[PDB]
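Here is coords.txt, consisting of compact mmCIF, C-alpha atoms and all ligand atoms:
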```txt
# COMPACT_ATOMS: atom_id res chain seq x y z
CA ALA M 1 -21.95 5.08 30.48
CA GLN M 2 -24.27 2.23 29.48
CA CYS M 3 -26.77 3.65 27.03
CA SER M 4 -26.37 0.79 24.59
CA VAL M 5 -27.25 -2.88 24.21
CA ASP M 6 -26.16 -5.78 22.02
CA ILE M 7 -29.01 -7.75 20.48
CA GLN M 8 -28.73 -11.00 18.51
CA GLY M 9 -31.15 -12.60 16.03
CA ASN M 10 -30.43 -16.26 15.15
CA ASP M 11 -31.43 -19.03 12.73
CA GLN M 12 -34.21 -20.11 15.11
CA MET M 13 -36.12 -16.87 14.52
CA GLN M 14 -35.40 -15.55 18.03
CA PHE M 15 -33.82 -12.46 19.62
CA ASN M 16 -31.65 -13.12 22.68
CA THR M 17 -33.85 -10.91 24.86
CA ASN M 18 -37.44 -9.69 24.97
CA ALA M 19 -36.80 -6.75 27.27
CA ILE M 20 -34.58 -3.69 27.08
CA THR M 21 -34.27 -1.07 29.78
CA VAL M 22 -33.24 2.47 28.89
CA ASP M 23 -31.97 4.52 31.82
CA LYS M 24 -33.65 7.92 32.01
CA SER M 25 -30.19 9.50 32.26
CA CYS M 26 -29.62 8.53 28.62
CA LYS M 27 -30.09 11.24 25.99
CA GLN M 28 -29.38 8.83 23.14
CA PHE M 29 -29.53 5.02 23.08
CA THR M 30 -27.70 2.60 20.78
CA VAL M 31 -28.72 -0.89 19.67
CA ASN M 32 -26.06 -3.13 18.12
CA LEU M 33 -27.65 -5.93 16.10
CA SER M 34 -25.84 -9.10 15.02
CA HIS M 35 -26.94 -12.37 13.43
CA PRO M 36 -25.35 -15.56 14.67
CA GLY M 37 -26.15 -18.60 12.54
CA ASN M 38 -25.64 -19.56 8.90
CA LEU M 39 -28.84 -18.57 7.10
CA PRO M 40 -28.83 -15.75 4.49
CA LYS M 41 -31.00 -12.60 4.49
CA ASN M 42 -33.67 -14.06 2.16
CA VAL M 43 -34.39 -17.09 4.33
CA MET M 44 -33.75 -15.59 7.76
CA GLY M 45 -33.06 -11.87 7.54
CA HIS M 46 -33.43 -9.84 10.72
CA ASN M 47 -33.86 -6.19 11.58
CA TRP M 48 -34.49 -4.20 14.75
CA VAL M 49 -37.48 -1.85 14.54
CA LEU M 50 -38.91 0.31 17.33
CA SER M 51 -42.42 1.80 17.52
CA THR M 52 -45.26 2.29 19.97
CA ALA M 53 -47.31 -0.79 20.80
CA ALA M 54 -50.30 0.72 18.97
CA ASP M 55 -48.28 1.12 15.75
CA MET M 56 -46.50 -2.25 15.75
CA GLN M 57 -49.03 -4.22 13.72
CA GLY M 58 -49.27 -1.52 11.07
CA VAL M 59 -45.50 -1.27 10.76
CA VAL M 60 -45.16 -5.04 10.44
CA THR M 61 -47.97 -5.40 7.90
CA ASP M 62 -46.78 -2.53 5.72
CA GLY M 63 -43.21 -3.78 6.06
CA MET M 64 -44.06 -7.13 4.50
CA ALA M 65 -45.87 -5.30 1.69
CA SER M 66 -42.74 -3.23 1.00
CA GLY M 67 -40.64 -6.26 0.08
CA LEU M 68 -37.18 -7.67 0.70
CA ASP M 69 -35.56 -5.02 -1.49
CA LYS M 70 -36.81 -2.38 0.93
CA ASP M 71 -35.68 -4.51 3.86
CA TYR M 72 -39.35 -5.23 4.59
CA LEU M 73 -40.00 -1.73 5.91
CA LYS M 74 -42.24 0.97 4.43
CA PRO M 75 -40.06 3.92 3.34
CA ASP M 76 -40.35 7.10 5.44
CA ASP M 77 -42.71 5.40 7.92
CA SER M 78 -43.50 8.09 10.51
CA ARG M 79 -44.42 5.40 13.04
CA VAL M 80 -40.86 4.06 13.16
CA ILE M 81 -38.76 5.68 15.88
CA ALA M 82 -35.62 3.65 15.15
CA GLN M 83 -34.59 0.95 12.68
CA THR M 84 -31.56 -1.06 11.59
CA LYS M 85 -31.04 -2.49 8.13
CA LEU M 86 -32.14 -6.07 7.43
CA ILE M 87 -29.14 -8.35 8.03
CA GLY M 88 -28.22 -11.93 7.28
CA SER M 89 -25.90 -14.24 9.21
CA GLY M 90 -22.44 -12.78 9.73
CA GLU M 91 -23.54 -9.18 9.17
CA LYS M 92 -24.15 -6.39 11.68
CA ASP M 93 -25.73 -2.96 11.98
CA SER M 94 -26.21 -0.37 14.72
CA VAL M 95 -28.74 2.38 15.28
CA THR M 96 -28.78 5.32 17.69
CA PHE M 97 -31.91 7.28 18.56
CA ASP M 98 -32.93 10.15 20.86
CA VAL M 99 -34.44 9.03 24.15
CA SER M 100 -36.70 12.08 23.92
CA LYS M 101 -38.68 10.16 21.29
CA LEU M 102 -39.90 7.81 24.02
CA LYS M 103 -43.03 9.78 24.89
CA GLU M 104 -44.44 9.73 28.42
CA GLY M 105 -47.25 7.24 28.89
CA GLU M 106 -46.32 5.18 25.85
CA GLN M 107 -45.27 1.54 25.73
CA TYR M 108 -42.58 0.92 23.13
CA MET M 109 -42.02 -2.37 21.36
CA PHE M 110 -39.07 -3.64 19.35
CA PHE M 111 -39.47 -6.33 16.70
CA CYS M 112 -38.24 -7.74 13.40
CA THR M 113 -40.38 -7.03 10.33
CA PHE M 114 -39.21 -9.94 8.16
CA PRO M 115 -42.41 -11.83 7.18
CA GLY M 116 -43.74 -13.78 10.17
CA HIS M 117 -40.80 -13.20 12.50
CA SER M 118 -42.57 -10.82 14.89
CA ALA M 119 -44.53 -13.82 16.18
CA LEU M 120 -41.44 -14.71 18.24
CA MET M 121 -39.15 -11.74 17.62
CA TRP M 122 -40.64 -9.03 19.81
CA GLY M 123 -39.91 -7.36 23.11
CA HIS M 124 -40.60 -4.36 25.33
CA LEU M 125 -38.34 -1.30 25.52
CA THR M 126 -39.06 0.70 28.67
CA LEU M 127 -37.62 3.93 30.02
CA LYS M 128 -36.45 4.12 33.63
CU CU U 1 -36.22 -11.57 11.70
```

Represent the structure from my file as structure tokens, please.
Amino acid sequence: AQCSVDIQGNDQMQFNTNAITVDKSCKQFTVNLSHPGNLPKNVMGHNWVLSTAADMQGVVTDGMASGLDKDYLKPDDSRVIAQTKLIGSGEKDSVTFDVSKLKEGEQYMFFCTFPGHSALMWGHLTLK
């Protein structure tokens, strides 16, 4: 069935959606990230990272501190429920995670951790 979604990050520092719905009948969910545009990873790299709303800021801040060589994400970050690699234009990456990780009474957010991008590149991921 449909327990997957295609997300795009472009040269204008924007995702093509700020809301993803995960049907409760899904046991696992897949996000397929692509990067239309022409800019390379260093100027406009994008990733897809999922965490609780409360942990978002910490994940973003520590991600920047980790550096481009670590795809701007702190290694073994226990706050990260799902993540794709950092990609440049023309590249792609997919990630699958267990829906059981979406704890009851928690609001999940998806965002890009490349320095400054989360200002525009964010969205809600809700289970229903
Ligand atoms: Cu980005």

All residues 10 Å or closer to segment 51-54 of chain M, all atoms listed in the file, same chain fewer than 4 positions away omitted, as number ranges by chain: M: 58-59, 78-83, 101-103, 106-111, 124-125

Close residues, segment 8-19 of chain M itself excluded, 10 Å, all atoms listed in the file, min 6 positions apart in chain, as a short mmCIF file (atom, residue, chain, number, x, y, z; two decimals) with C-alpha atoms, keeping the file's coordinate frame:
```cif
data_model
loop_
_atom_site.label_atom_id
_atom_site.label_comp_id
_atom_site.auth_asym_id
_atom_site.auth_seq_id
_atom_site.Cartn_x
_atom_site.Cartn_y
_atom_site.Cartn_z
CA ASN M 32 -26.06 -3.13 18.12
CA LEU M 33 -27.65 -5.93 16.10
CA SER M 34 -25.84 -9.10 15.02
CA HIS M 35 -26.94 -12.37 13.43
CA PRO M 36 -25.35 -15.56 14.67
CA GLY M 37 -26.15 -18.60 12.54
CA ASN M 38 -25.64 -19.56 8.90
CA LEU M 39 -28.84 -18.57 7.10
CA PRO M 40 -28.83 -15.75 4.49
CA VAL M 43 -34.39 -17.09 4.33
CA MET M 44 -33.75 -15.59 7.76
CA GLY M 45 -33.06 -11.87 7.54
CA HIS M 46 -33.43 -9.84 10.72
CA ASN M 47 -33.86 -6.19 11.58
CA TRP M 48 -34.49 -4.20 14.75
CA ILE M 87 -29.14 -8.35 8.03
CA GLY M 88 -28.22 -11.93 7.28
CA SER M 89 -25.90 -14.24 9.21
CA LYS M 92 -24.15 -6.39 11.68
CA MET M 109 -42.02 -2.37 21.36
CA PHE M 110 -39.07 -3.64 19.35
CA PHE M 111 -39.47 -6.33 16.70
CA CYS M 112 -38.24 -7.74 13.40
CA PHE M 114 -39.21 -9.94 8.16
CA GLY M 116 -43.74 -13.78 10.17
CA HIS M 117 -40.80 -13.20 12.50
CA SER M 118 -42.57 -10.82 14.89
CA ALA M 119 -44.53 -13.82 16.18
CA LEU M 120 -41.44 -14.71 18.24
CA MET M 121 -39.15 -11.74 17.62
CA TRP M 122 -40.64 -9.03 19.81
CA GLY M 123 -39.91 -7.36 23.11
CA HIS M 124 -40.60 -4.36 25.33
CA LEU M 125 -38.34 -1.30 25.52
CA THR M 126 -39.06 0.70 28.67
#
```

Can you tell me which residues surround residue 68 of chain M at a distance of at most 10 Å, considering all atoms listed in the file, apart from same-chain residues fewer than 5 positions away, and format the answer as a list in words? residues 41, 42, 45, 63, 73, 86, 114 and 115 of chain M

Would you put the residues from that selection into a file with C-alpha atoms, as a PDB file, in the coordinates of the input?
```pdb
ATOM      1  CA  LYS M  41     -31.000 -12.600   4.490  1.00  0.00           C
ATOM      2  CA  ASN M  42     -33.670 -14.060   2.160  1.00  0.00           C
ATOM      3  CA  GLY M  45     -33.060 -11.870   7.540  1.00  0.00           C
ATOM      4  CA  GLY M  63     -43.210  -3.780   6.060  1.00  0.00           C
ATOM      5  CA  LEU M  73     -40.000  -1.730   5.910  1.00  0.00           C
ATOM      6  CA  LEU M  86     -32.140  -6.070   7.430  1.00  0.00           C
ATOM      7  CA  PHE M 114     -39.210  -9.940   8.160  1.00  0.00           C
ATOM      8  CA  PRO M 115     -42.410 -11.830   7.180  1.00  0.00           C
TER       9      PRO M 115
END
```

Between atom CA of residue 71 of chain M and atom CA of residue 57 of chain M, what is the distance in Å, rounded to a tenth?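 We find that atom CA of residue 71 of chain M and atom CA of residue 57 of chain M lie 16.6 Å from each other.
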
Check the smallest atom-to-atom distance from each of M:21, M:61, M:84, M:113 to ligand CU 1 (chain U) using only C-alpha atoms and all ligand atoms, then report the winner.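 The answer is M:113, which sits nearest to ligand CU 1 (chain U).
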
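Atom CA of residue 56 of chain M to atom CA of residue 31 of chain M spans 18.3 Å [interatomic distance, one decimal].
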
So how many Å separate atom CA of residue 94 of chain M and atom CA of residue 67 of chain M, to one decimal?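 Straight-line distance from atom CA of residue 94 of chain M to atom CA of residue 67 of chain M works out to 21.4 Å.
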
Nearest to ligand CU 1 (chain U), chosen from M:3, M:49, M:22, M:127, with only C-alpha atoms and all ligand atoms counted in the distances: M:49

Ranking M:64, M:26, M:20, M:5 by minimum distance to ligand CU 1 (chain U) and counting all atoms listed in the file, which one comes first?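 Looking at the shortest contact to ligand CU 1 (chain U), the residue is M:64.
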
Let me have the centre and edge lengths in Å, one decimal, of the box along x, y and z around every listed atom of segment 6-13 of chain M with 6 Å of margin on each side, as JSON.
```
{"center_x": -31.1, "center_y": -12.9, "center_z": 17.4, "size_x": 22.0, "size_y": 26.3, "size_z": 21.3}
```

Quick one: of M:60, M:23, M:70, M:76, who's nearest to ligand CU 1 (chain U), counting all atoms listed in the file?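 Among the listed residues, M:60 lies closest to ligand CU 1 (chain U).
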
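Using only C-alpha atoms and all ligand atoms, the smallest distance between any of M:90, M:98, M:55, M:72 and ligand CU 1 (chain U) comes from M:72.
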
Which is closest to ligand CU 1 (chain U) among M:2, M:104, M:29, M:85, if we use all atoms listed in the file?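 Between M:2, M:104, M:29, M:85, the residue approaching ligand CU 1 (chain U) most closely is M:85.
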